[PDB]
Amino acid sequence: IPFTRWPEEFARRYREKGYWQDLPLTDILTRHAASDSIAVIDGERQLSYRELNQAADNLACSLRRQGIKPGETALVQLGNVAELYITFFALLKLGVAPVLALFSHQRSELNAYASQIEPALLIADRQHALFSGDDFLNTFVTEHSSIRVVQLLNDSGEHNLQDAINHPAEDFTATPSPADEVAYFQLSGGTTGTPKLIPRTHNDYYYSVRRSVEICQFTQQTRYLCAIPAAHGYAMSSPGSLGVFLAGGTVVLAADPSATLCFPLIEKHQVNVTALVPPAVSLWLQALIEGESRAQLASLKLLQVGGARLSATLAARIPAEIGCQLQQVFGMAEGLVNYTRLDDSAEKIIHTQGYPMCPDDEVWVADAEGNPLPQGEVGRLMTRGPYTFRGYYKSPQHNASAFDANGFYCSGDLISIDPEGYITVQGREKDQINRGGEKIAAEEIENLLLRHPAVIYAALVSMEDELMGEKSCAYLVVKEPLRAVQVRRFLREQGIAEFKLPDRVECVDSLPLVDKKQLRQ
Ligand SMILES: Nc1ncnc2c1ncn2[C@@H]1O[C@H](COS(=O)(=O)NC(=O)c2ccccc2[N+](=O)[O-])[C@@H](O)[C@H]1O
């Protein structure tokens, strides 16, 4: 499985310093294979590490019997369910590298992922609108003929993922890919018209988990509510569910971050850490103001907030109104994660997005033409390090633009750095809407909009929104009367995720040739 390797001297350095340990990610789970302590709670169901590890072996073995081989790829679509983890470790034990699509993703995204990786295996959920029946499947399996095996959650027929999980593995020996090879693909937020895959090796990903575990001080006491989409990197590895597993703690799954669901789960299971995006924080604080008892949250000791910028105002309300500590988390699927620390001053936790997890994360600030700016100045975030990728999957064209000659990746973020070394996110350069933490590549939606018979020109831009931070607005130059609901129906027909439908549509007589900078003015 081809990907952009680190130069040999970076690998060597990163091994000498102890960052790359050459262990497979399966070791996160198998070190606890003998443990009957609880690893995952999902509704009424509670799976121990022993059971979780056996479930991954069973599924891996069953897939091996059905002909899946090491070095092949898979497409996985599972929400906040225990079977997400069973599947991730089962594929890791076989040396198969998955994309974990989010439940919210639809045809265009699944098609895009399948087209790039040519999965031999599709695993999905009949609860998803696309898979309750068999029509889409037939089309998907026809148009992506690489697929030989389909397993489905909540299925009673021949393709029931449970039957595979429940079938005891006879004589199963794991064959994880080598540690310096690809373990899995992450999804980028998106800055272009087609989605970009981020290969993650075992060395690089395990280090990001292990080190996030030291910084967040996770242990067997950790009881972690995973309420945001479980397959996103923030939920998975920063320190996420995998850091919880590493530490031997417990992951509590929630379908969504609503107070309605989560306040009760936090009290019931005595949750002590969770991860949210800013709007979920506001909604929580407002639920308390509408009279939810603060005591449901007593056991909470650490609340991470990331995905998008937390305002200082909102941040300060966390210790005050919830009474746990805040940790700001500014990371990216491509790699780099900055954290505020648990012993940082209130000033740094409230007003900054922390600093890199690794001492050899290298971060500088560039001006418009690639030159370093002195500290305090606002510019483009440039970075490289032991867990930051060196290229997107099969993307020579885009890769040429995304990295400088020295291997530094530009995140598209505008930042400034403190005298103390802390980073503050000041804005953005990449053509991306950050809708309450969820990323929308504007070019993707614009291209879809231009396919409408009536749309001549199209621009998608963010607009300030108090709850979500940013909402999306589509500015269109049109031939004929066009209402928002027509645009949304149409985009939905193209088969994209709901959060990607414009919150607002506006027909305008003209747009500048599209020069969005001009448009903002
Ligand atoms: N804390 C933050 N403040 C302002 N912007 C933030 C932020 N955290 C993430 N972002 C933005 O989100 C982009 C990364 O997008 S992402 O691939 O969906 N990943 C994440 O947001 C993320 C957030 C926290 C922890 C881990 C990740 N992650 O690597 O998945 C960054 O380049 C920023 O533009």
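Letter by letter, the sequence shown follows residues 3 to 515, 521 to 528 in the entry's author numbering. C-beta: ideal position from N, C-alpha, C; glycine also.
> At what residues does the alpha helix (DSSP H) containing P280 begin and finish?
Replying inline: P280 to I291
> How should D137 be labelled, buried or exposed, when 16 other C-beta atoms within 10 angstroms of its C-beta is the threshold for buried?
Replying inline: exposed
>> Among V275, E294, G333 and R319, whose alpha-carbon lies nearest the alpha-carbon of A261?
In response: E294
> For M359, does the count of other Cβ atoms within 10 angstroms reach 16, so buried, or fall short, so exposed?
Replying inline: buried
>> So the candidates are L451, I435, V487 and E85; which of them puts its Cα closest to the Cα of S464?
In response: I435
> With which residues is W366 paired in a DSSP beta bridge?
Replying inline: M384
>> Using the three-state DSSP reduction, which class does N340 fall into: helix, strand or coil?
In response: strand
>> Please return the same chain residues whose Cβ sits closer than 6 Å to the Cβ of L452, not counting the five positions on each side in sequence.
In response: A460
> Do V487 and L478 have their CB atoms nearer than 9 Å?
Replying inline: no
> On the three-pair Cβ rule with 8 Å, is the segment 118 to 127 touching the segment 65 to 85?
Replying inline: yes
>> How far does the beta strand (DSSP E) with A99 in it extend, from its first residue to its last?
In response: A99 to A103
>> According to DSSP, simplified to helix, strand and coil, what is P266?
In response: helix
> Under a three-way DSSP split, which group does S117 fall into?
Replying inline: helix
> When DSSP builds the beta bridges, which residues end up paired with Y357?
Replying inline: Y341
> What's the gap between the Cα of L450 and the Cα of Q496?
Replying inline: 7 Å
>> Give me the residue from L244, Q288 and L328 with the minimum Cα distance to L278.
In response: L328
> Hey, which unbroken runs of the alpha helix (DSSP H) at 4 residues or more fall wholly within the segment 182 to 270?
Replying inline: 204 to 217, 235 to 239, 242 to 249 and 261 to 270
> So, are the CB atoms of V211 and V42 less than 9 Å apart?
Replying inline: no
> So the alpha helix (DSSP H) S50 belongs to, where does it begin and stop?
Replying inline: No alpha helix (DSSP H) holds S50; the beta strand (DSSP E) holding it covers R47 to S50.
> Which of helix, strand or coil does DSSP assign to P180?
Replying inline: coil
> Given 8 Å as the limit, is there contact between the segment 41 to 57 and the segment 254 to 274, that is, 3 or more CB pairs closer than that?
Replying inline: yes
> Is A407 buried or exposed, if buried means 16 or more other CB atoms sit within 10 Å of its CB?
Replying inline: exposed
>> Measuring only the C-alpha atoms, how far is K523 from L462?
In response: 9 Å
> Within 10 angstroms of its Cβ, does residue 537 collect 16 or more other Cβ (buried), or is it exposed?
Replying inline: Lying outside 3 to 528, the shown extent of the chain, residue 537 is not represented and no answer is given.
> Taking the runs of the beta strand (DSSP E) that are 3 residues or longer, which of them lie wholly in the segment 409 to 455?
Replying inline: 411 to 419, 425 to 430, 434 to 437 and 440 to 443
> My guess is that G409 and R386 are in contact by the Cβ rule of under 8 Å, so how many angstroms apart are they, rounded?
Replying inline: 5 Å
>> For the segment 24 to 37 against the segment 193 to 205, do three or more pairs of beta-carbon atoms, one drawn from each stretch, fall closer than 8 Å, so that the two count as touching?
In response: yes
> Out of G438, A249 and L503, which has the shortest C-alpha to C-alpha gap to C475?
Replying inline: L503
>> Since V307 and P280 should fall inside the 8 Å C-beta cutoff, what is the C-beta to C-beta distance between them, to a whole number of angstroms?
In response: 6 Å
> So, helix, strand or coil for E468, using DSSP?
Replying inline: coil
> Is there at least one non-hydrogen atom of ligand 1 closer than 8 Å to the beta-carbon of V331?
Replying inline: yes
> Within 10 angstroms of its Cβ, does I70 collect 16 or more other Cβ (buried), or is it exposed?
Replying inline: buried
> Does the segment 318 to 332 touch the segment 161 to 175, meaning 3 or more C-beta pairs lie closer than 8 Å?
Replying inline: no
> Do the segment 355 to 369 and the segment 176 to 183 touch if we need at least three Cβ pairs shorter than 8 Å?
Replying inline: no
>> DSSP has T75 in a bridge; who is on the other side?
In response: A99
>> With DSSP as the reference, identify every bridge partner of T276, one or two as the case may be.
In response: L227 and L305
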